[PDB]
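Structure 1 and structure 2 below are the same protein chain in two forms, each given by itself as C-alpha cells.
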Structure 1
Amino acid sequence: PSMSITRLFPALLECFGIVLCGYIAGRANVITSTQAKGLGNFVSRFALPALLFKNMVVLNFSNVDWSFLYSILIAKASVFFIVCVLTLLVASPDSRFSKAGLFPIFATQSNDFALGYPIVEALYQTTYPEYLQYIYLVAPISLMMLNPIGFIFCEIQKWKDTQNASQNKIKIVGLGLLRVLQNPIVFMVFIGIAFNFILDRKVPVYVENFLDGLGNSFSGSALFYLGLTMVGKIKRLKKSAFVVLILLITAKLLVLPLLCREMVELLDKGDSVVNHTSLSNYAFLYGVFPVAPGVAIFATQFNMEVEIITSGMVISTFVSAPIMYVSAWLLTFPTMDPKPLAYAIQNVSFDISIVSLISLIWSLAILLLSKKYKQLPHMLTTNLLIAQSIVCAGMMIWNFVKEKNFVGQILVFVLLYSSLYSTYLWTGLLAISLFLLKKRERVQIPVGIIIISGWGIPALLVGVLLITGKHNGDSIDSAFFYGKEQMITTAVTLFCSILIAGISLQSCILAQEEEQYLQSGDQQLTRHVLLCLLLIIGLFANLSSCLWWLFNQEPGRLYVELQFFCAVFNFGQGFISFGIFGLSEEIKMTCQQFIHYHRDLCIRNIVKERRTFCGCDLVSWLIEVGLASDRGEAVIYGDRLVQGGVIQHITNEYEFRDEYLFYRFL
C-alpha cells in the first residue's frame, strides 16, 4: 500500500553510484582538487539557488501540515541541546567551546537536498506527493534556528584564542547571525517567499525553462562533487577521537530518528491512523540522512576540528545507506502477510546478491590481473571472494529453481550453503593467518593444508546434514530447507568461526633496499585486519539469530528482523570485500619553465649522492614551494616532467609515483 518500497533500491543505486563515479574520477587523478572547485561553485551558487527558488515560489502555504515541521524541529532542538550540554560538561577547557560549536551542528544538520530528496521522491511520489514539499521546508528552517548558536560558540572560542577581552557580546552575536544570513539557502528561501507572495504562486513562462534547466542539474553534479571531496579525507586517528566519532555518528543516525518518531507520535493527533503511521515512518526515514558537507565547510572556515568533522561526515555518508535500506524494509514489514513477507525477503536478498556478484567479479578480475596473489595473504582473500561469488550465484539460481526441479533444488542448496559455510570458515582461517603473521615467525605456512581444510570442512558438514537431515521442499526460505539439523550445524559452524576469530585476534644497494621495501609494503595488513574485524559483525548477527530461534521455539515479533539482517549480511558481505580490495605543447612549456627559471636551488635538500632523489621528498618539496596544491597535482607535474625527458627512473621501469622510488636528473 503506502510507501512503495520496491523503488528504493534503484534510488539508492543512483545516489551512491554517482558518488562512486565521483570518487573514482577524483582518485584516478582525472579531476584534481583545484578542478573540483569549479563544479563545487556551480553546484552551490547557481543550481541549488535556482532549485530552491523554483520550489519555494510554488508551495501553497495554506495547505501545509505544520505538525510534522514542529515535531522535526523539536527533535532536532532536543538533540542539539543534549549534545551541546554533554560536550560543555565533558570536554577539556582548552578547546571546549569550539567542540560545543561544531559537535551539535554535526549531529543535527543532514544532507537532504542531494541524497535525501531522491529517496523521498522515490518512496513517496505516487502515494503521498505532499511529503516532497516538506524537505524544502525543514532543511532551511533548521539552519535558521540551530546554526547561529554553534557559530556564536565558535566565535566565543575564537575570542578566547585571540585573548582580545575588549570585545563585547554584541559583535559576537552580530558575526554569528551574519555568517548564517550569507548562506545562499537562507536568503534564497526568503526571496522565494517574497516572490511567492508577489506573484500569486505562479512562475512566469519566460523563466520557467531557465529555472528548470538550472535545477535539473543540481542532484547529479552534487553527488559527483560529494564523491570527489572524499578522495583523501579518511586518515588514521587515535582511540579517543575514534570513540568521539562513533558517539557522534550514533547520535546522528540512531538517536535522532527515534526522537523524530517519538515527537511525531506525541504532537500529531489526527484521524486516519494509516496517515499517522505513514507520518511516523516518514519522520524515522528523515532522521537517518547523513551529515551534510556544509558542516565540514564550516569547520574549514573556522579552522578548528576540521579533521574529525571531515572524517565523521565521510564515514557517516557510507554508513547511512544500509541503515536506510534496512529501516525502510523493517518499517514496511508490519503491513504484510507471512508469505509475501518471505517473498520480499527473497527478493531483497536476490537484488543484493546480484549487485554483489557484479561487484565481486569486477574485484576478482582486478585481483587476477594484478598477479599479486602468489604471496600470502592474498590467495586466501582470493578464495574468500571466490566463495562469496559462488554463494551469490547459488542464491540467484535458487530464486529460480526454488520450485522448478527437485535434483536441481538439492544441488543448488548444497552449493549455496557449502559456499556460505566456506565463507564463515574462511573468515577464521584468514584471522589465523593474520595472527600467525603477527608472531613474525619464519615458519612455513601450510597453505595446502589450510586451503583443503577450508574447502572441505563445509562440504563434509553439508554431506552429513544431507545424510542425517530430513528434506523439506515446502519451505520458501533456504535456511529452513532441512530444519533442526541445518540450524544446529549452521550454529556450530558460526560458533567455531567466531571462536577462531576471537582467539586469533649504478646502485645495487638502492635497488635491493627499494625492492625489500616494496615486498614489505605489499603485505597490506591494515586492510586484511579491517576485513577480519568487519566480518565478525555479521557472524555475530548470524549466531545471535540462530541462538534466538533455537531458544525461542515460539516465533515472537523479533525473528523477522533477525532474518532480514542475517540475509542482508549473508548476501551483501561481498560489498565490504569490494570496498576494501577493489580500489605535446604543454609538456615542452613546463619543461622549459622548470629548466630555465627555478631549476636552481632545487637540488639543495632532496637530492644527495648515493652509491638521486626519492619520490615522496620531491612531492613534499613541490608542495612546500607552492607549485602544487595536493599530492595529485604534484604527481601530474612529475609525470609532465618525466614525459619531457627531465628526470628518469634508475631502472627505467616505473613512471612518476609517490612511492620510495629513486629518480635521476638528465
Structure 2
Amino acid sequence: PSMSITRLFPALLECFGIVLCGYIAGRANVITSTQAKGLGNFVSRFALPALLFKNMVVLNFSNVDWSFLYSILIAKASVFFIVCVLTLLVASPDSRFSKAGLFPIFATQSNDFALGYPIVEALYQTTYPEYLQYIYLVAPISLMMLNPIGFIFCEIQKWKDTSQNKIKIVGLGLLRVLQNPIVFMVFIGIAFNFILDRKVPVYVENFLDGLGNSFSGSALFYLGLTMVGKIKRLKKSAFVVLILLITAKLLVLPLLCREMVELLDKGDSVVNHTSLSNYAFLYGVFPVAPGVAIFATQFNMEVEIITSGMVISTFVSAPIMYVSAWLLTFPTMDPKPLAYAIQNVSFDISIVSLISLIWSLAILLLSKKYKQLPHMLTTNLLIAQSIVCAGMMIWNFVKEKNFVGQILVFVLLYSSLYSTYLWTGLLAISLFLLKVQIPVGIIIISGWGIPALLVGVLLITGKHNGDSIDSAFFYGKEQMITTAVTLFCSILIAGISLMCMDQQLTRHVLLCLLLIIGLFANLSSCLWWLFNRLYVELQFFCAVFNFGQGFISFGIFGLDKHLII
C-alpha cells in the first residue's frame, strides 16, 4: 500500500497528544502565557530555522516533482483567490481589507511543519520518502506567493484606518514575508544547498539535528499552550464565517489539491499518481498555521476569528486527517482487509473517544453538573458513548471468539449505541423544554430501557452472523432495521426539537447539531444498505461517528472551565 496507514494513529497521538500536553500545561498554569513565549521564541527563532536550513541544504532539487508543487500552490492560490474575492464582496467596507487579508491566508496556510511533517513522515517515510521534501517546499513557497497579498490587504486596512503610498504598502507586505524565518531560512538553505553540494558540514550537522529534532515536540507543545483561552464566544456571523473558512482550509483545499495533481501531474505510473493525489488531499487537511493568528495579532485585525479558527481547525483536522487517509487507502484494499481496517479504525477511535469520555464524565461528575438540566441528560449520553467505546475495544477481540462472547458484547455495544442516538434526541427535546419540570425519570428510561428492548428484539427476531468482522451486521437485516428505526426516531425527535427552539444551552445545541449529523450519516448507512464502495465509505463514517462521538462530547463539554474537590 502507498500509505503506511497503520502508522498514522500513532503519529496523530504524537501530534495531538503533545498539543494536549501543551494545552493542559497552560490550562493548569504550569506554564503562564508570558512563560509560553520562551518556548515560542525557541521554536520560531531557533528550532524551526535549523529544521528548515538542514532540510533545504539536503534537498535534491533535480529529483523534485515540480508538478506536485505547482498543483498544491495552484490549489492554494485558487482557495486564496476565492476567499479573498468573496470577502471583498461579502464583508463590510470598514474591515473587508483585514478580512480579505487574513481569511485567504487562514484558508491556505497549513500547519505544515509541526503537524503535517510528522504525519507525512508516518504515512510515507517507508514508501515515498520523497513526499517529505514537499512540506519544506510547499509551505515556504506558499507563504512567499500568498502571504504578501494578504499582508498588502491588511496594510490597506491599516492605511484606511489611519492607500496613498502604494509601494510602501506593497513593501510592508513583502518585508513582513521576508522577516518570517520560514522564508529567509529557505532562501539561505537553498543558497547553502548550492554552496555545499547538498552536504551539511559534519561539524554543523549535529547542531542542526539537535535544534531541528527539538522543533516537532516543542512546536506542538507551544501550539497547545497557545490554544488556551482562545475560543471566545463569536457572534452567529463570525461563527458561520469561521465554519466556512475551516471548510475552505479542510475540505475545499484538499479537494483542489487532489484535483490539481490530477490535472497537472502528467506522470505515467498510476500507483504513483494515486499516492501523490492522496498525498495532495492529505496535505490540504493540515490545520491553519499558528502563524496566521500571529499575523492577526501583529495587524490587530480579525484576531478572535483567526485565533478561534486556528484552534478549531487544529482540533477538527485530527479526525479529518485520520478519516481521509483511511478513506483514500480503502480503494486499494481487498474487501476483507477493508473490514479489518474498519475494525482497526474503530479500535483507534474507541481509545481517543473513551479517554475523552472518561475525562468529560469526571468533569460532569466532580463539577456536580450531572445534577443539573440538561447536564444530567448529557451525562447519560456520555455513559452510553463510553460503553460503546469499551464494547468496540472488546469486539476487536471477541470477533474471533465464540458466540456466547459475541452476543453479550454486541448487546452491550448496540444497547449503548442506540442509547447514544436516543440521547441525542432526548437532549435536543430537553433544550426546547428548557428554552416545565421535564419528566426526567421517563426521559431516562426512554434513553436506556427502550434501546435494551430494541436489542432484545434482535435477540428475539434476528439471525446471528458470527462470521462477520463488523458488529454492524451481527444480526443482519434485523439489526439494520432496528438501527434505522432507532435513528429515524432520534433524528425526528432531535430535529423537530431544534425547530421548536450554568445551563450552557448553546453548547448543548452545538452538541446536538453535530450528533444529529452523525445520526443522519448512520441512518443513511442503514437505509442505503437496506434499499440497495461509496457504501463502505459511508459505513466507515458511521463507525467513525459511532465510536468517536465521545470526542465530540469532549470537544464541547470536556474542555469546560469548571472544576472541584
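Along the sequence of structure 1, residues get numbers from 1 upward. Superpose the two forms; the largest set of C-alphas matching within 1.5 Å is the rigid core.
Undergrad: State the hinge position among 540, 42, 335, 500 for the rotation of one rigid part relative to another between the two structures.
TA: So the residue sitting at the hinge would be 335.
Undergrad: What is the rotation of the smaller rigid part with respect to the larger, given in whole degrees, between the two structures?
TA: Relative rotation between the two structures amounts to 8 degrees.
Undergrad: Supposing the core is put in the same place in both forms, how far has the CA of residue 405 shifted between the two structures, in Å?
TA: With the cores aligned, its C-alpha sits 2.2 Å away.
Undergrad: What is the magnitude, in angstrom, of the C-alpha shift at residue 126 between the two structures when the rigid core serves as the superposition reference?
TA: Here residue 126 registers a C-alpha shift of 1.0 Å.
Undergrad: Would you look up how far the C-alpha of residue 322 moves between the two structures when the rigid core is overlaid, in angstrom?
TA: Comparing the two forms, residue 322 shifts 0.7 Å at C-alpha.
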